[PDB]
Amino acid sequence: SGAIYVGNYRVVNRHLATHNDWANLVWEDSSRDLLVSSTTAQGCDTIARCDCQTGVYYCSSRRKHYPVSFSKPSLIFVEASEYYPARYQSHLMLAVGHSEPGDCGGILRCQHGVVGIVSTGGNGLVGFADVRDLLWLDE
Ligand SMILES: NC(=O)[C@H]1CCCN(C(=O)C(F)(F)c2cnsc2Cl)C1
Ligand SMILES: [Zn+2]
């Protein structure tokens with residue numbers, strides 16, 4: 001559960017995208033687990049334009065926000081799921097912290113804004129799909 005709303009855009013996990021998201025599709029990237037779609041109401045979230053490696057993420061399965069140190073966006077191997085076969089997912093950031101499948105979509109933030117969304121997890125690790133490079137979300 002969870003999405004980012006910036007201007008006339010809505011970013012979600014591509015594996016959790018709805019029929020409306022696909023019928024108003026702007027861009028989608030299987031290797032990043034991302035999909036952006038068109039909205040009529042204007043969004044108000046600020047996206048970060050930085051290279052921080054500390055922030056705060058929201059965890060639905062614990063109803064608690066947590067502070068984390070996280071890695072730089074890179075190619076990490078992700079286990080086969082009902083949505084994708086075993087593959088390398090690009091632009092992924094890892095941190096020590098609790099996550100369960102229903103937690104995908106929770107936002108990661110630093111003092112500059114929205115950094116990304118929960119996208120992978122397991123064994124006491126949590127993975128975030130980076131969004132700071134998508135400069136067109138602001139224009
Ligand atoms: N980005 C991916 O390929 C996702 C697809 C859905 C499945 N993915 C997961 O990691 C998970 F839901 F099983 C999970 C398990 N414990 S915490 C999380 Cl998040 C990978
Ligand atoms: Zn930052």
Side-chain angles (χ1 to χ4, degrees):
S1 65
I4 315 164
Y5 293 104
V6 48
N8 293 336
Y9 294 129
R10 163 181 139 108
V11 182
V12 274
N13 301 91
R14 188 196 187 269
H15 73 263
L16 287 175
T18 75
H19 270 327
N20 201 21
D21 300 318
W22 279 103
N24 301 317
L25 171 83
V26 174
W27 163 78
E28 48 84 32
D29 193 329
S30 245
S31 82
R32 296 182 65 158
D33 179 40
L34 286 185
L35 192 158
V36 183
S37 52
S38 353
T39 98
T40 67
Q42 157 80 18
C44 270
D45 303 350
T46 281
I47 309 293
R49 299 311 183 191
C50 75
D51 74 342
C52 292
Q53 279 181 256
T54 67
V56 173
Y57 82 102
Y58 175 70
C59 182
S60 340
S61 76
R62 287 297 189 277
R63 284 191 213 135
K64 272 143 221 125
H65 299 258
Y66 291 113
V68 290
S69 269
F70 59 91
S71 73
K72 309 230 82 191
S74 59
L75 273 169
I76 293 150
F77 181 82
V78 181
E79 278 248 42
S81 69
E82 51 215 32
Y83 314 97
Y84 306 106
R87 84 221 203 274
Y88 283 117
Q89 175 170 322
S90 68
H91 303 254
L92 189 62
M93 305 168 299
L94 299 199
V96 174
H98 177 68
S99 44
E100 290 182 34
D103 285 322
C104 285
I107 288 173
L108 174 68
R109 292 180 78 100
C110 64
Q111 61 173 109
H112 309 112
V114 171
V115 178
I117 48 152
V118 179
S119 187
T120 72
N123 308 311
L125 307 188
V126 52
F128 311 100
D130 188 60
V131 308
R132 311 174 271 188
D133 66 315
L134 309 177
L135 309 188
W136 53 267
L137 286 174
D138 280 312
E139 58 184 34

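The basis for the numbers below is simple: all heavy atoms, side chains too, and nothing from hydrogens, waters or symmetry mates. Along the sequence shown, residues are numbered consecutively beginning with 1. Counting starts at 1 for both ligands and their atoms, following the listed order.
- Atom CH2 in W27 sits 10.5 Å away from atom CZ in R14 (nearest 0.5 Å).
- Using a 30° and 60° split on the angle between ring planes, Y58 and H65 fall in the tilted class, from 30° to 60°.
- Atoms of ligand 1 lying under 4.0 Å from at least one heavy atom of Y83, given by number and element, are 6 (C).
- The nearest heavy-atom contact from the protein to atom 3 (O) of ligand 1 is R87 NH1, 3.0 Å.
- Atoms of ligand 1 found under 4.0 Å from any heavy atom of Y84, numbered from 1 in the order shown, are 3 (O).
- Ranking protein heavy atoms by distance to atom 4 (C) of ligand 1, first place goes to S119 O, 3.3 Å.
- With sequence neighbours excluded, the residues satisfying side-chain contact (heavy atoms from CB on, under 4.5 Å) with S31 are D29, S90.
- Of all the heavy atoms of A129, none lies under 4.0 Å from any atom of ligand 1, so neither backbone nor side chain is involved.
- Between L134 and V11, every side-chain heavy-atom pair lies at or beyond the 4.5 Å cut-off.
- Taking a cut-off of under 4.0 Å to the non-hydrogen atoms of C104, the atoms of ligand 1 that pass are 19 (Cl).
- Between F77 and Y88 the shortest heavy-atom distance is N-CD2, 3.9 Å.
- Follow the hydrophobic side-chain contacts under 4.5 Å out from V12 and you never reach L34; the two are in separate clusters.
- At least one heavy atom of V78 sits less than 4.0 Å from an atom of ligand 1.
- In this structure, the salt bridge (charged side-chain N to carboxylate O under 4.0 Å, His left out) partners of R32, at least two apart in sequence or on a different chain, are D133.
- Linking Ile, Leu, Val, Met, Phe, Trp and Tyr whenever their side-chain heavy atoms come within less than 4.5 Å puts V126 and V115 in one cluster.
- Around the Zn ion (ligand 2), protein N, O or S atoms at less than 2.8 Å comprise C50 SG, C52 SG, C110 SG, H112 ND1.
- Neither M93 nor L75 shares a network with the other; the hydrophobic side chains, linked directly or stepwise wherever heavy atoms of I, L, V, M, F, W or Y lie under 4.5 Å apart, form separate groups for each.
- Each of the atoms 1 (N) of ligand 1 lies under 4.0 Å from some heavy atom of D33.
- Proximity of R32 to ligand 1, defined as any heavy-atom pair under 4.0 Å, is not found for any part of the residue.
- Atom numbering of ligand 1 starts at 1 in the shown order; those under 4.0 Å from a heavy atom of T120 are 1 (N), 2 (C), 10 (O), 18 (C), 19 (Cl), 20 (C).
- In this structure, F128 and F70 have perpendicular ring planes: the angle between them is above 60°, well past the 30° mark.
- Polar contact check, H15 against ligand 1: no nitrogen or oxygen pair lies under 3.5 Å apart.
- Scanning both residues, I117 and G105, for their nearest heavy atoms gives CG2-O, 3.6 Å.
- In summary, the atoms of ligand 1 found under 4.0 Å from a heavy atom of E100, numbered by their order in the structure, are 17 (S), 18 (C).
- Checked options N20, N24, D21; the residue passing with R10 is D21 (criterion: side chain to side chain donor-acceptor pair (under 3.5 Å)).
- An N or O contact shorter than 3.5 Å links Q89 to ligand 1 by distance.
- The protein atom (non-hydrogen) at minimum distance from atom 18 (C) of ligand 1 is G121 N, 3.5 Å.
- Taking a 4.5 Å side-chain heavy-atom cut-off between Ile, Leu, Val, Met, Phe, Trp and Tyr, the cluster of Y83 extends to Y84.
- The protein atom (non-hydrogen) at minimum distance from atom 7 (C) of ligand 1 is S81 CB, 4.0 Å.
- Within the structure, ligand 1 lacks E82 among the residues with a heavy atom less than 4.0 angstrom away.
- Scanning the protein heavy atoms around atom 14 (C) of ligand 1, the nearest turns out to be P101 CG, 3.7 Å.
- Criterion: ILVMFWY side-chain heavy atoms under 4.5 Å apart, direct or through other members. Under it, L125 and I76 are part of a common hydrophobic cluster.
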